[PDB]
Amino acid sequence: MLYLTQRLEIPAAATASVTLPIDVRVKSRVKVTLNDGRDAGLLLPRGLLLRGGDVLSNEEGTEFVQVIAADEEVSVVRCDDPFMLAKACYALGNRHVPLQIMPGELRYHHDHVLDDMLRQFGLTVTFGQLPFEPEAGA
């Protein structure tokens, strides 16, 4: 069984990739399946947040697996008004909602209640199956 025990500070050329959602990327010990079909097990130190692009390796340094953020069901807030987005960020932060903040776009796990609340600010909230990279800190 392939065990990925560390995240390289300096990545090496990937030999495989693994596409995982945020809930798995914050776990230290769990079974996963690589993009190529192979089984593998995460056996990392605690307190890590694996980000898309990170490269994990096995003890022997013969396997280098590139982590990729999986598509997740998210609410999307695309808006060219930075002021309105800032208001949305405050509202979402006040409710402790994990949030991905990008210039002109916000993403969070789909939630109808939060969507309608943001819509009252005049924001257009849509839906998508997209990678989710929430801001550091939970």
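Just so you know, residue 1 is the first one in the sequence shown, and it goes up from there. No hydrogens, no waters, no symmetry mates; every other heavy atom, side chains included, goes into these values.
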| said: Under 4.5 Å side-chain heavy-atom separation, chaining through any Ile, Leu, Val, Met, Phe, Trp or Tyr, what else clusters with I68? Say none if it is isolated. | reply: none
| said: Test: ring pair (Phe, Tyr, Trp, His ring centres under 6.0 Å). Region: residues 88-108. Which pairs qualify, not counting sequence neighbours? | reply: none
| Closest approach of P131 to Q100 (non-hydrogen atoms, all atoms of both residues) | O-OE1, 3.6 Å
| said: Going by the rule side chain to side chain donor-acceptor pair (under 3.5 Å), which residues pair with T5 if we only count those two or more places apart in sequence or in a different chain? | reply: none
| query | Can you name the side chain to side chain donor-acceptor pair (under 3.5 Å) partners of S17, sequence neighbours left out? | reply | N35
| query | Which pairs count as salt bridge (charged side-chain N to carboxylate O under 4.0 Å, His left out) when at least one residue sits in residues 19-36, sequence neighbours excluded? | reply | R25-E133, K31-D39, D36-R38
| field | Connected via hydrophobic side-chain network under 4.5 Å: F132 and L49 | value | yes
Output side-chain donor-acceptor pairs under 3.5 Å for residues 69-79, partner residues at least two apart or in another chain, one line each.
| from | atom 1 | to | atom 2 | distance (Å) |
| --- | --- | --- | --- | --- |
| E72 | OE2 | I22 | N | 2.8 |
| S75 | OG | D115 | OD1 | 2.7 |
| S75 | OG | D115 | OD2 | 3.3 |

| said: Any side-chain to backbone donor/acceptor pair from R119 onto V125? Under 3.5 Å, distance only. | reply: yes
| task | Please list, chain by chain and in numerical order, all residues satisfying side chain to side chain donor-acceptor pair (under 3.5 Å) with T62, sequence neighbours excluded. | result | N58
| said: With clusters defined by side-chain heavy atoms of hydrophobic residues (ILVMFWY) lying less than 4.5 Å apart, directly or transitively, does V32 cluster with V26? | reply: no
| query | Taking the hydrophobic residues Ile, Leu, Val, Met, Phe, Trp and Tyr, and joining any pair whose side-chain heavy atoms are under 4.5 Å apart, which ones share a cluster with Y3? | reply | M1, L43
| message | As an exercise, state the distance from CG of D116 to CG of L123, rounded to the nearest 0.5 Å. | response | 12.5 Å
| said: Within the 4.5 Å heavy-atom criterion, are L4 and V18 side-chain neighbours or not? | reply: no
| field | For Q66 against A14, the heavy-atom pair lying closest together | value | CB-CB, 3.9 Å
| query | Given the rule that I, L, V, M, F, W and Y join up when any side-chain heavy atoms are under 4.5 Å apart, are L2 and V24 in one cluster? | reply | yes
| request: Scan residues 53-62 for pairs that pass salt bridge (charged side-chain N to carboxylate O under 4.0 Å, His left out), counting only residues two or more places apart or in two chains. | output: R7-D54
| request: Find out if a path of hydrophobic residues (ILVMFWY) with successive side-chain heavy-atom gaps under 4.5 Å connects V67 to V30. | output: yes
| message | Holding to ring-ring contact (aromatic ring centres under 6.0 Å, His included), I want the full list of residues that pass it with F127, two or more places apart in sequence or in another chain. | response | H110
| message | Distance check, rounded to the nearest 0.5 Å: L99 atom CG versus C89 atom SG? | response | 5.0 Å
| What's in the same ILVMFWY side-chain cluster as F64, cut-off under 4.5 Å, chained through other members? | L8, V55
| side-chain contact (heavy atoms from CB on, under 4.5 Å) assessment of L85 paired with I101 | CA-CA 9 Å; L85 285 192; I101 307 172; over 6 Å; no
| remark: Here the salt bridge (charged side-chain N to carboxylate O under 4.0 Å, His left out) pairs for residues 81-106, sequence neighbours left out, are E105-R107
| task | Please check if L106 and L130 belong to a single hydrophobic cluster, counting links between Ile, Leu, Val, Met, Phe, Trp and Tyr side chain heavy atoms closer than 4.5 Å. | result | no
